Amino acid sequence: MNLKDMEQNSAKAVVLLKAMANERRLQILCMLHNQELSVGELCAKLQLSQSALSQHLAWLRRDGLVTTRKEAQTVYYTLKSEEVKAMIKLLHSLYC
């Protein structure tokens, strides 16, 4: 009955939650709120090493929370899933 509906969705929610529950990833996700940024803009605005950033980004990709858009050797990252976009939008209104 209604037990399983709540069960299956709580599971989907926990999926997004776990993907977001990490300091560096959240900072990155928050920075991509309604905008595209290149590696350079991200490492400077977060004071994160190129390699540290490279790892978190790769991870974010994998979980499909961020996408890319190339350009003469300059790639731009942006949010992907509608769920993270909304949670990020809310997190922004909560701490701003």
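Counting begins at 1, following the sequence as shown.
K.L.:
Between 14-22 and 72-80, which has the larger average Cα B-factor in the PDB entry?
P.N.:
Higher mean C-alpha B-factor: 72-80.
K.L.:
Name the higher of the two by mean Cα B-factor in the PDB entry, 23-31 versus 45-53.
P.N.:
Here the higher of the two C-alpha B-factor means belongs to 45-53.
K.L.:
Going by the recorded CA B-factors, say which third of the chain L60 sits in, lowest, middle or highest.
P.N.:
Top third by C-alpha B-factor.
K.L.:
Split into thirds by Cα B-factor across the chain's modelled residues, where does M1 land: lowest, middle or highest?
P.N.:
Its C-alpha B-factor, which the entry lists for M1, ranks in the highest third among residues of this chain.
K.L.:
Comparing against every modelled residue in the chain, figure out the third that the C-alpha B-factor of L94 lands in (lowest, middle or highest).
P.N.:
Middle third of the chain for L94's C-alpha B-factor.
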